[PDB]
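One structure below.
Letters A, B, ... mirror the listed sequences (proteins, then strands); counts begin at 1.
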Amino acid sequence: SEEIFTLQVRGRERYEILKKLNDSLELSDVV
Amino acid sequence: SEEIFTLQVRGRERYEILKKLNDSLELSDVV
Amino acid sequence: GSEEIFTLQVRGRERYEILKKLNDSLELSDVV
Amino acid sequence: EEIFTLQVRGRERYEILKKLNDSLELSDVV
């Protein structure tokens, strides 16, 4: 199984930063 | 109104890294 | 004891800016 | 591109930012 977690964020800039990092980790992780 | 953005994250370890970063970013008034 | 400060090297201005925002936030918040 | 520096206080803080930087070097998202 996999688990999807929800992280709630205030402030567009905060959200945009975290989205870029999430996207990067999706692509850099071995799986 | 205040917009709360949702960041969907696969996996506990990935979530915990991003949550730590969010913990910091939410304390920062100017990002 | 003492404190260690590490030089993080980042390629590219836009990548530098995102990591700078994070580091600046961490310096204030001290969450790590 | 140029390489820029950021001074990072403390090993654990350096390690989290290094993890992100290394990820970005692999993914090229930013």
Side-chain angles (χ1 to χ4, degrees):
Chain A
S1 61
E2 61 167 280
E3 298 287 335
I4 294 183
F5 294 86
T6 297
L7 184 59
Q8 286 192 112
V9 180
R10 295 184 63 143
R12 186 169 301 280
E13 178 64 10
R14 299 187 190 95
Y15 177 57
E16 292 295 315
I17 290 167
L18 293 164
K19 274 195 299 185
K20 288 168 180 183
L21 301 177
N22 191 42
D23 295 350
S24 188
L25 292 166
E26 288 168 346
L27 270 51
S28 61
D29 281 354
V30 59
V31 297
Chain B
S1 60
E2 169 199 342
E3 186 163 9
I4 300 170
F5 299 94
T6 292
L7 185 79
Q8 298 293 84
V9 180
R10 187 204 77 184
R12 178 160 282 284
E13 296 183 2
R14 188 181 295 161
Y15 169 69
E16 294 297 338
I17 289 157
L18 296 170
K19 183 164 66 162
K20 182 58 65 163
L21 298 172
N22 185 239
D23 292 341
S24 190
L25 291 170
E26 300 297 337
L27 284 167
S28 292
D29 293 336
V30 179
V31 177
Chain C
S2 59
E3 190 68 19
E4 194 158 15
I5 292 171
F6 297 85
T7 304
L8 186 72
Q9 290 169 289
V10 185
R11 176 85 69 174
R13 189 171 297 276
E14 292 176 33
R15 190 183 294 166
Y16 163 73
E17 294 297 345
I18 194 175
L19 295 175
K20 181 182 197 304
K21 290 179 182 297
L22 291 165
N23 191 44
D24 289 349
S25 178
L26 292 164
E27 279 169 0
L28 174 66
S29 72
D30 201 31
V31 300
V32 59
Chain D
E1 283 169 335
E2 291 183 10
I3 292 167
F4 298 82
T5 54
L6 292 165
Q7 295 298 97
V8 183
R9 182 178 169 101
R11 182 167 300 280
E12 293 189 352
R13 189 183 298 167
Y14 173 70
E15 292 298 334
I16 198 168
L17 293 176
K18 171 182 178 298
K19 174 164 193 160
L20 302 174
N21 191 42
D22 294 350
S23 173
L24 289 160
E25 288 169 343
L26 287 169
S27 72
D28 208 19
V29 163
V30 188

List the residues meeting side-chain contact (heavy atoms from CB on, under 4.5 Å) with [X], not counting sequence neighbours, and say none if there are none.
X	result
C:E3	D:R9
C:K20	C:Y16, C:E17, C:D24, D:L6
D:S27	A:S24, A:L27, D:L24, D:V29

Atom pair CG/CD1 of A:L21 and C:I18 - distance to nearest 0.5 Å: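 Atom-to-atom, A:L21:CG and C:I18:CD1 are 4.5 Å apart.
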
Output the distance between atom CZ (D:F4) and atom CZ (C:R13), rounded to the nearest 0.5 Å. 3.5 Å

Under the salt bridge (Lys or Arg N to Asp or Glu O under 4.0 Å) rule, collect the residues that match up with [X], sequence neighbours excluded.
X	value
C:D30	D:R13
C:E14	none
D:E1	none

Worked check of side-chain contact (heavy atoms from CB on, under 4.5 Å) between A:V9 and B:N22: CA-CA 7 Å; A:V9 180; B:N22 185 239; 3.9 Å; yes

I need the minimum non-hydrogen distance between D:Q7 and C:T7, along with the two atoms involved. OE1-OG1, 2.7 Å

